[PDB]
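**Q**
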Amino acid sequence: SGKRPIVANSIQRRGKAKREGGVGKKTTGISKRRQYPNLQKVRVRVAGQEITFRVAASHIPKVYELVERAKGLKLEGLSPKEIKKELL
RNA sequence: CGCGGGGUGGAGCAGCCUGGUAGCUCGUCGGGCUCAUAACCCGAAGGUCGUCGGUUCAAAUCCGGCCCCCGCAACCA
RNA sequence: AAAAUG
RNA sequence: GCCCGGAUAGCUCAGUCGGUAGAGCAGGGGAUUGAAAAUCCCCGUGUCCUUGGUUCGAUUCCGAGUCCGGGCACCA
RNA sequence: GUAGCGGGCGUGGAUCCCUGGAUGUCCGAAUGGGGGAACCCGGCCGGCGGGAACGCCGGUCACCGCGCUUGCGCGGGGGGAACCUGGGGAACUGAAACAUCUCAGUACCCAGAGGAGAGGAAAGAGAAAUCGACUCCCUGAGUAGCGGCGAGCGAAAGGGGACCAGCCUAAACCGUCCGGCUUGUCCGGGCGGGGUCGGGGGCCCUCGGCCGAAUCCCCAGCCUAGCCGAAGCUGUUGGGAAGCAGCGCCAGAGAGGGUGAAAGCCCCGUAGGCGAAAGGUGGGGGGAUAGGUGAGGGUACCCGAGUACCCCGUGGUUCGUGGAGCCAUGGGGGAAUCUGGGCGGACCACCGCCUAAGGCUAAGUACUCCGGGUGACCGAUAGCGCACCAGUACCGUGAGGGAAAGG
RNA sequence: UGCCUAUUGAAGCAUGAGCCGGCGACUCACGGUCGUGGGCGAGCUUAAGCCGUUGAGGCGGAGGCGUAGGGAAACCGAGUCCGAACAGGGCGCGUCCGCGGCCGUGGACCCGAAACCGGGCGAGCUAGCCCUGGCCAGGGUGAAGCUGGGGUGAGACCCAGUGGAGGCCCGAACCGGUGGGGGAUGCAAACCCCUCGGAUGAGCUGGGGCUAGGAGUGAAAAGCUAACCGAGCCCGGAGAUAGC
RNA sequence: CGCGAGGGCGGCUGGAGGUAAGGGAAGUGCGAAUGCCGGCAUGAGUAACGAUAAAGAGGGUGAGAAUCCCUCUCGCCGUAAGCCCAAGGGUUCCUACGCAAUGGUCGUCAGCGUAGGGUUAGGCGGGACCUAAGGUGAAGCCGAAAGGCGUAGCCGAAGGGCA
RNA sequence: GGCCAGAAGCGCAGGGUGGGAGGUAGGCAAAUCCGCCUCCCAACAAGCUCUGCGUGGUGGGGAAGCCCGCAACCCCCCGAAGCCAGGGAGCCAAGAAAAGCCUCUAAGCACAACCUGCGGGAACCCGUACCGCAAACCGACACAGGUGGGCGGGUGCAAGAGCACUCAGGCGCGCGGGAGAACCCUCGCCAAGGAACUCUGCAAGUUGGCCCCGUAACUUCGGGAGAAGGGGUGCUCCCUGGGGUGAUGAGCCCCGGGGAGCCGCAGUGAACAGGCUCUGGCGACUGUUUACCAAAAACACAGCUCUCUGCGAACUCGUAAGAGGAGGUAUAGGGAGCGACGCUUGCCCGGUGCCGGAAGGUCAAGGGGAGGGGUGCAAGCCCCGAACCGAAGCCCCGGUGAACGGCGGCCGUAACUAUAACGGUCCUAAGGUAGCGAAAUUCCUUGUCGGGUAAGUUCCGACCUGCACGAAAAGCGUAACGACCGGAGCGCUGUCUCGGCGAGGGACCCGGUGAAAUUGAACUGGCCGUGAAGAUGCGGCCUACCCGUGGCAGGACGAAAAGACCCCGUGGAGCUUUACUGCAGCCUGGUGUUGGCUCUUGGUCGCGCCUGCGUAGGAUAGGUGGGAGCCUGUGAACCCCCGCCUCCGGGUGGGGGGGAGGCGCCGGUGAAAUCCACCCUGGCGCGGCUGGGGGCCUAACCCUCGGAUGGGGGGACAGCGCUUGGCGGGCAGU
RNA sequence: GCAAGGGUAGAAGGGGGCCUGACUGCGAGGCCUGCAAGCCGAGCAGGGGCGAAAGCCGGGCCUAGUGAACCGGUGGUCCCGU
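Take 8 as the starting number for the first sequence in the entry's author numbering and just add one per residue.
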């Protein structure tokens, strides 16, 4: 949907199998349909000033580490690029 | 013409695919109660199971043949 | 506080 | 095909962390009753599924066998 | 583009052809704002007309992304016949029905790249005391395998060739500048130095020896106009000789076209050989910067994290759940730094291979808008839809469709 | 008793053809299998590429057939497999070109669908809705209200007059389309004449806007969505597939 | 001359290419696919000539006129079949010459052909004014990419406003 | 022919508007401007403003008339849909925005700037021909079609934009000329008869305007009403009543009334211009619909009912953001069915659906690990995996009909017979009530009676064995309405017996221009046969000079559409469902986002003490083991008050007096006691680790709050990611 | 044993005693036949039964009582096992 640090979201398939297991008798497959795995997003408000990121919430922590950096710069309204960028 | 359901004591229903035991209510018959009739009470009887045969040790029961009984279909031109 | 007809 | 509970009086079902076999109903004998019920009494009958083994002994405890009932999954 | 007037210019070297420059309305990424493209309306500075109203004229004013104290300086935007990479991604059909499968990761849509794009220096391959970036071709091989084990799909290693190339960083460790803080000899942000690995690097003591750009330059050479180029006369039939008849000749040139018909020697040419003030291009051969140059002995300081790894859901591979690894990765859990970590088809144990989680990297390869050359290629119902004033006329609201016609 | 086609059977009243002239259909690539014309033979043969040529051909053995077969395999071997077996029984000997026939994969002898799918173009027709404007001659009926009179204890209510209501009436414009005739290679790809319905309303109409293809809109017929809509048009997949 | 497909000979036409023996290659042979493209036939001098509002005559011009100009009669529209404005259309406007074709006939005519003219605004209508629906769109929100919403602002008229 | 324009100033009509004087929690405190309060005056005005109309200095224009070219302009009457305009009254559905324009203060400035006057100047861009209800636009055409707005004269008729004629202005429709047949179209008339026509009075006719009489059932009371059925209408002359403008008298128009008298076949003398009635069906009604075969009894409709929805509503669109719902809030929104109004709307929850049920049953991940397996020398690394704990769903229990739906059979019976109020029995979840009823429903069927008719498969009234009505897919009625469907009458008539005549436009002839489908080739006859069974084309026979023109339709299996019916193809589409398989969507557990603090109860391994009342028997012996040859004192023997087991018998610990005491076989019992153990059964009590359920809070997340580094509300839930299972024709492929 | 047919007492019928050949390895030669299936079968080997023996015995008087492959399940074993 976005990603911030991390990165985007794949597009998985499917498996409708109706069968034994291969540990009794065979096991056939009903249908493959195109699924879409959205990237478990989630939002973060942070103190750098009054900032907001949309961390892939598996990296939420990275938000802070990135906050744990006093790059020495007053207002700019966003000051995210530096953050989200002078990041790594 | 074709399907499918059904003929069991007097009437109305079981029992039949799971073969040997015919069950129920009503009424018929006898005896009580009552002045008497009902009602109520006690006790009995009564069926070639539609027919003509087949298979079987044994056929209401299973398989075919008609006889009436009941239902459902009989559409396109 | 009470179980039809002739 | 796996996982569960089962088999006890005619019938429907109980139960000790081994010591008797018991209820409810049907059924029969009696009282009471206008009638028919409901009440009230006394019973009646058991290989506790079949086998072993456990124990001094087993309804019961465990192995195994057959019938019965419940639950779940397959099906080329 | 010839046909015409009407005028003119050229050996005082025109026209023409190559190179560079100049001017280049308006619309179009369109960029002052608007807008029904090619039109309308404005800010600021300056200049024209008597010029204050009006009106011309020249500059200049989009937005977005990177780097300096507020202004700035570099960049971007759109287009391109295919070819290329990525992100998305069908059905018809096939299976003589059909759902897995097939067609197919194709058609198409989107973003991006460029003369190519991609890939690329091993956490590789796979059984070889082995190999040694990648890409392309030939094999390997319709093999191995995959598969309602149907239809059907289908590798890789190894072997031949083409090409040939290797490299920077992150972290230890040292210095420096800056802004925060619990004003602690501390925390992290930015530069510089170091350091790049199958085993190395940092830091301490012990011994010091050069190759070389993928970037900058220069010339060659090659494009972009051109010049030189051999050798035949007479007669004859004919409307017209290049034919025919008789004597010749050139040839590094007997390719071709053209001239009234069939010419080596008529014209343009052909073989062969010269040419650039100018602008492109250009290691093919050479110059110069950048950068890179050793061996032992000790700590046990560094070696890329929400990563590996395990689990759930999927994709790629010949692999369709299979005994199913490996490579990718949305979700959850979640390490270690060489007594580290991955791989060699579940899992162990041996044996061996390789160093993940940062990046760049020529060439050989693909394509044909464009220029040239050939054709047991077409010759005007063919060949391109167009040999001609065609993507036109005409048709359709539009997307779009789409002729005929040569002598 | 025509030609062709299709047929058990056609002059056939079965299909096709007006006539002529052009265009018009068994191909090519790669595998494979027979046959055949050749080279060479226990052997035969090169791929890609390098070198020359500029309509010279060389080189190149990686590789590929063939020389041994049996067996699922281990494995063995002129044998082998099954088996205890010295029974038995099943299997048990060429390449490279060219040309031809036919097979496999490619449309693959040639035309022809109805349809499926992707991406765009369309509401200048038609349906709905939104903004802003217009339009509806003349007649008719005569609601509520007011006002006056009457009525009653007060009221209700009743009366005249006034008044002018309404998916009200007749009927033009305007909108529509009932019945009939005509029209039927039309004046016209829906028209003309007569006759009909509505006509202050759920009205009609100009201009400016919005909604779209399994979607829109729909006082609902599967109607309308640019003259054929039970799923638009255009281009593409595409030479879909066609046991006809 | 060949069984035949064809092959030679000869005569007119034509006027610039052609191609032996013997061989090799194919876009290689048509009468039919309601085939495709073009040409020309049949029906056929047939149906039609587009509203039943209607014509007649005298002069003109002219190569030639029922069909053009003029005149006098007759008839038809007259909430039009008449005037004015929007839209759309783009020179069809006026003038001089003209008739091949275009007019369903004719044509001296024309809305046709060639040429030359013609459109004049502070007050009319638009813009250097205003907003509507709705568009667009700094911010801002959202989407795999395209892109979807959207504040302000801007655009948008037959409505407001102005001599 | 007797007008047009025209400033200021005059008049005449209007439209706008109270004037004061003080205060002030508002207009995002800036206004002396608004807005609100308070009190002197004033009031169906005046004044002040602003329009329209006349008037206006003055300019302009100005026919019919001959040769080929002359110069007024006044007076009444009618009179708007236009103007004054933002006028008035009434009503419910409650009726744009912004700028210009006034006014108020801000910043700033007052040497600016505005306001009124007067003179000089300045004043860009675009459109402007022409067609424009059509031959110039849209329809391939010089197409009988389509196209928005304004003006649109006069007379006549009740009125009018109607109808007839006609001004101005413009047309006579881009082939003509003759004939004078059939037939076709369009049009007129008709003896006698009058629906006999025919599916049907289809069509055509009759009637038609206005004034006056006069009009029934039925009714929701409005209406049925133009009900029906009649009479009048022209022209001349006489008298007379009110109106409007004048002026109160005259012309001028506007509505009437009463008498005479004239003419025709006829007076709305032509054109416009209803025929009517009785009775059924359906639908309440006006409306809407299949553009191009269906205008309806179909859709809609007010109205009734069921149902969802508490607001960040439900529901719809969208992946999302967001939007619609609605700037609404249950007297509101969404979905469904029925369909004004009247009288009503029965019985059945067995099966399906929906709603309700903190129990049980079953149940996926996941939790859990008894136990087993593969490996190594090992520790280990890996694997399978039982109990048990586990949602929604389903099973199960129950409600529910204006939820889907459903709503019986066979026998007998009365004192003539008939029939059956009564009875018997089988089945059911329950057995169709009211009202209708051979019906838009009835097969038999033209049912059977009545009515209507000379005659009636239709129609109307009746009766029921209702093949197969019936209550909200409503039932039965119903005034009014209908281009709706059926049956009758009257009137009128060519629809008809039965056809005839006449007019025009074609057809026909001449001149000019000149198509189309179709077409194997044609030299293309009849009858009998024959043949693939319907022959111009074979056979036999029979007829027949050659070629045209006007006409008719029997044939050429005539034309046109590769049959729409039927079947076939392992063709296609749309639709359905409890067909298969999916997907959207919705439900659901486990995780992530995700945090504090309590309460509580489970399951687990520990550990800590109890726990165990057969029959003999010192008596509440658990089990086998060790056992001699056993321990109290810090002191038992006995005692009380006490928490605790239990069946009571019989106990498990407390404490002080007290102070000696106390054992092991015993004798029996299947088995023997002191004490130590390890352990079976069950319970209790602290600890580990996991769980579940209840509350409280805030800080994430969410919603809001005069613009918040915040305050309220909600709150670890919701939402969202990943994963589990389920529902699932809403959609897709088959 | 059960449908019909053919066959049959010089037994295929009825009874009795011992048995388990309702074997393992094979299989000449044929029947039938598109394929692939189905059917008969002497004989050899091994190790057995019944009979003194000759001998008979690879199910049943005979013809129906059945289903390719693929995919799996249970066993077993000389095989394979990246």
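Just so it is clear, CB atoms sit at the ideal spot from N, CA and C, and this is done for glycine as well.
Can you look up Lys92 in the DSSP assignment and give me helix, strand or coil?
**A** helix
**Q** Run the CB neighbour count on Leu73, radius 10 Å, all protein chains shown included, and call it buried at 16 or more, exposed below.
**A** buried
**Q** Pairing CB atoms from the region 64–82 with CB atoms from the region 17–27, are three or more of them under 8 Å?
**A** no
**Q** Mind reading off the beta-carbon distance from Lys48 to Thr35? Whole number of angstroms is fine, and I expect it under 8 Å.
**A** With 8 Å as the limit, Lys48 and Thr35 do not qualify as a contact, their Cβ atoms being about 36 Å apart.
**Q** Compare the C-alpha of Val51 against each of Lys33, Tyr43, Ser65, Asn45 and name the closest.
**A** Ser65
**Q** Between the Cα of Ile90 and the Cα atoms of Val62, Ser8, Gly55, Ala63, which residue gives the shortest distance?
**A** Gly55
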